[PDB]
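Participant: can't give you the sequence, but here's the structure:
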Ligand SMILES: [Cl-]
């Protein structure tokens with residue numbers, strides 16, 4: 001077919017504009033492109049080829065080729081387990097936004113309600129002036145607190161919204177369903193461009209500021225954005241696919257995702273220009289630098305359109321569909337992955353329920369009055385950050401050096417009929433492991449505290465929690481190496497020979 005439908009998700013329309021604005025905009029595109037061509041394509045091709053060659057799931061696929069490096073198989077599951085916990089919180093806010101839109105006038109368009117303070121200004125017909133949209137996002141949807149040290153009470157309204165999300169996916173495609181996001185994204189893009197003052201937002205988006213490139217954060221959260229959007233170190237090995245066009249896929253599939261992210265991001269910054277023009281405030285400080293950005297720019301565009309409620313209900317439906325089509329795959333893969341002993345057969349209907357309840361109660365802690373602060377730690381340390389950089393290094397080293405790139409190339413040529421260009425092999429051997437290690441060391445040397453919204457500075461134990469969350473997935477590989485060395489064959493090159501020959 002021509003429409004794969006596997007070229008979009010919440011990682012494209014929610015995360016990418018969030019990261020670009022936070023890092024300063026414009027200067028974020030240069031590290032993005034470097035990772036895109038030299039660490040985004042070769043690794044994706046390696047995952048797909050390795051998955052299809054063995055026709056076998058990731059946990060045992062590494063046993064087939066890299067018996068010493070089983071820690072890669074276990075590391076991806078821990079990252080996926082962390083991801084399922086906080087990837088559904090976004091659908092908690094989307095449902096809450098949707099429920100408020102089933103009325104004539106949108107509550108966030110106009111000020112003068114209980115949550116709005118005395119500083120509300122319509123700006124549609126100026127010191128310490130706030131837009132009504134930001135007040136709606138912060139005071140009632142989040143009810144932000146002073147800091148992480150105040151967890152506070154639990155938001156009851158958000159609690160049941162999360163319950164609904166889970167319930168719906170406990171039972172979790174037509175062409176119209178697949179092309180629904182693209183039509184809506186185009187409609188939103190048209191409205192933003194024609195808006196007055198959008199030229200500043202585009203100039204802010206494209207023209208880079210080379211002074212900020214020296215900051216280690218920009219490099220860390222660009223390549224990690226590439227890895228997160230592609231689902232590279234979260235389970236990507238596909239047994240299905242028969243004997244194919246694996247190389248031809250990335251020239252079409254694993255590159256067009258970046259185009260969608262770029263186009264979708266283009267729409268948001270057009271709206272941010274209009275708000276800056278209206279309020280007469282620099283684009284740098286016109287909005288919130290945290291995760292809650294797609295909930296401040298998109299509602300403004302939807303309330304600047306005729307028939308506002310009709311457009312309002314649909315876009316949140318698009319977000320709900322995007323989240324549902326992406327989390328059920330992960331929750332199915334993780335449950336299937338733990339089934340490798342098969343003690344007995346309602347096992348298929350018991351683990352699926354057991355996993356959901358644990359995730360619901362552990363996803364409930366970030367729905368309280370101090371939930372945004374803990375959500376920020378989850379987004380920066382678990383399922384991202386150093387966890388993806390570390391695993392990507394060990395993946396390319398084993399196949400590139402231990403197993404042998406030339407042997408793998410021969411198998412790929414056998415499978416598809418021709419040998420891919422030699423550039424990919426050099427990537428695997430030197431480029432990706434070197435760049436990832438360099439970024440790791442650069443970030444470690446110039447360690448600066450992470451700040452929420454560039455205002456709040458976390459306490460010591462917050463950074464400690466983040467570091468433990470990263471280590472919980474970063475420490476599976478050396479531990480397995482030590483265990484395998486100590487047990488089975490202990491010493492001498494005999495164990496070294498056994499721990500390198502692939503399974504026959
Ligand atoms: Cl992306």
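Facilitator: Yep, it's here. Numbers count the residues shown, from 1 in each chain.
Participant: residue contacts, residue 152?
Facilitator: Contacts of residue 152 were listed using Cβ atoms under 8 Å, 6 or more residues apart in numbering, and they are 145, 368-370. For the C-beta atoms, the positions are set from N, CA and C on the backbone; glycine is no exception.
Participant: ditto for residue 99
Facilitator: residue 161.
Participant: still on that earlier bit, now, the contacts of residue 152 that are in helices?
Facilitator: Among the contacts of residue 152, DSSP state H puts none in helices.
Participant: all strands for the stretch 351-500 of the chain, in order.
Facilitator: Here the stretch 351-500 of the chain has its strands, by DSSP state E, counting those that start in this stretch, at 451-452, 456-457.
Participant: note down every partner strand of the first one and its orientation.
Facilitator: When you say that, I think you mean strand 451-452. Here strand 451-452 has these sheet partners by DSSP bridges: strand 456-457 (antiparallel).
Participant: chain center to the partner strand: distance?
Facilitator: 23 Å (Cα atoms, centre = their mean, to the nearest Å).
Participant: now the stretch 51-200 of the chain against the ion: closest residue?
Facilitator: residue 185 (14.0 Å; Cβ to the ion).
Participant: in contact with that residue, which residues?
Facilitator: Counting by Cβ under 8 Å, 6+ apart, residue 185 has contacts 13, 260, 263-264, 267.
Participant: what do you get for residue 162?
Facilitator: Counting by Cβ under 8 Å, 6+ apart, residue 162 touches 88-89, 91-92, 360, 363-364, 367.
Participant: farthest pair in those?
Facilitator: Using Cβ to Cβ, the contacts of residue 162 span at most 13.9 Å, a distance reached by 91 and 364.
Participant: so for the two, which sits in the more crowded spot?
Facilitator: Taking other Cβ atoms under 10 Å, residue 91 and residue 364 do not tie; residue 91 has more neighbours (24 against 17).
Participant: that one contacts residue 324, doesn't it?
Facilitator: Yes - the pair residue 91 and residue 324 passes the contact test of Cβ atoms under 8 Å, sitting 7.4 Å apart.
Participant: in the stretch 301-450 of the chain, which spans are helices?
Facilitator: Remark: helices assigned in the stretch 301-450 of the chain by DSSP state H, counting those that start in this stretch are 308-338, 351-362, 371-381, 386-397, 405-416, 423-426, 432-445.
Participant: hang on, the earlier thing: looking at the strands of the stretch 351-500 of the chain, which is buried most?
Facilitator: strand 451-452 (a mean of 17; mean count of other Cβ atoms under 10 Å).
Participant: before we move on, the earlier item: buried subset of the contacts of residue 162, written for ChimeraX?
Facilitator: Those of the contacts of residue 162 that count as buried under 16 or more other Cβ atoms under 10 Å are selected in ChimeraX with:
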select :88,89,91,92,360,363,364,367
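Participant: and of the contacts of residue 162, the nearest to residue 44?
Facilitator: Using Cβ to Cβ, these come closest to residue 44 at residue 88, 25.3 Å.
Participant: so how far is the ion from residue 347?
Facilitator: With distances taken as Cβ to the ion, to the nearest Å, residue 347 is found 37 Å from the ion.
Participant: let me redo that: residue 298
Facilitator: Applying Cβ to the ion, the value for residue 298 to the ion is 18 Å.
Participant: flag every residue of the protein that's near the ion.
Facilitator: For the chain, the contact set with the ion under Cβ under 5 Å from the ion comprises 229, 261.
Participant: run the last query once more with 6 Å
Facilitator: Within reach of the ion by Cβ under 6 Å from the ion, the chain has these residues: 12, 16, 225, 229, 257-258, 261.
Participant: the residue in the stretch 251-400 of the chain that the ion sits nearest to sits in which helix or strand?
Facilitator: Closest residue of the stretch 251-400 of the chain to the ion, Cβ to the ion: residue 261 (3.6 Å). Counting by DSSP states H and E, the element that carries residue 261 is helix 253-279.
Participant: list the buried residues for that helix?
Facilitator: Buried-residue list, helix 253-279, by 16+ other Cβ under 10 Å: 253-255, 257-258, 260-261, 264-278.
Participant: ok, of the contacts of residue 185, which one's closest to residue 56?
Facilitator: Using Cβ to Cβ, these come closest to residue 56 at residue 260, 30.5 Å.
Participant: in the stretch 101-250 of the chain, which residue sits closest to the ion?
Facilitator: residue 229 (3.4 Å).
Participant: and that residue, that one's in a helix?
Facilitator: Yes - counting by DSSP: H, G, I helix; E, B strand; the rest coil, residue 229 falls inside a helix.
Participant: which residues does it contact?
Facilitator: So residue 229 contacts 9, 11-12, 15-16, 257-258, 261 (Cβ under 8 Å, 6+ apart).
Participant: of those, closest to residue 150?
Facilitator: Nearest to residue 150 among the contacts of residue 229: residue 15, at 26.9 Å, using Cβ to Cβ.
Participant: tell me the secondary structure for that closest one?
Facilitator: Assignment for residue 15 (three-state DSSP): helix.
Participant: my guess is it contacts residue 225, does it?
Facilitator: Yes - contact criterion Cβ under 8 Å: residue 15 and residue 225 qualify, at 6.8 Å.
Participant: more neighbours: those two, which one.
Facilitator: Comparing residue 15 with residue 225 by neighbour count (other Cβ under 10 Å), the higher total belongs to residue 225, at 26 against 22.
Participant: what about residue 191, neighbour count?
Facilitator: By the other Cβ under 10 Å criterion, the neighbourhood of residue 191 contains 16 residues.
Participant: so how far is the helix or strand harbouring it from its chain's centroid?
Facilitator: Assigned by DSSP H and E, residue 191 falls within helix 175-194. Remark: helix 175-194 is offset 21 Å from the chain centroid, using Cα atoms, centre = their mean.
Participant: relative to the ion, which residue of the stretch 1-150 of the chain is the closest?
Facilitator: residue 16 (5.3 Å).
Participant: I figured residue 467 hits residue 381, correct?
Facilitator: Yes - using Cβ under 8 Å, residue 467 is in contact with residue 381, at 7.1 Å.
Participant: ok, those two, which is more surrounded?
Facilitator: Taking other Cβ under 10 Å, residue 467 and residue 381 do not tie; residue 381 has more neighbours (23 against 14).
Participant: excluding chain neighbours, what is closest to the more buried one?
Facilitator: Spatially, and ignoring its direct neighbours in sequence, residue 381 is nearest to residue 466 (3.8 Å; Cβ to Cβ, 6 or more residues apart in numbering).
Participant: and that neighbour, what is it in contact with?
Facilitator: Residue 466 neighbours (Cβ under 8 Å, 6+ apart): 377, 380-381, 450.
Participant: make CSV out of these and add distance to residue 159.
Facilitator: Shown next, in CSV, are those (distance: Cβ to Cβ, whole Å):
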residue, distance to residue 159
377, 21
380, 25
381, 25
450, 28
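Participant: which of those residues sits closest to residue 492?
Facilitator: Nearest to residue 492 among the contacts of residue 466, with distances taken as Cβ to Cβ, is residue 381, at 39.8 Å.
Participant: need the contact list for the closest one.
Facilitator: Taking Cβ under 8 Å, 6+ apart as the criterion, residue 381 is in contact with 387, 466-467, 469-470.
Participant: if we use 7 Å, what do you get?
Facilitator: 466, 469-470 (Cβ atoms under 7 Å, 6 or more residues apart in numbering).
Participant: which among those gets closest to the ion?
Facilitator: Scanning the contacts of residue 381 for proximity to the ion, where the rule is Cβ to the ion, the winner is residue 470, at 21.6 Å.
Participant: can you count the residues close to that closest one?
Facilitator: With other Cβ under 10 Å as criterion, residue 470 counts 21.
Participant: many thanks, I have nothing further to ask.
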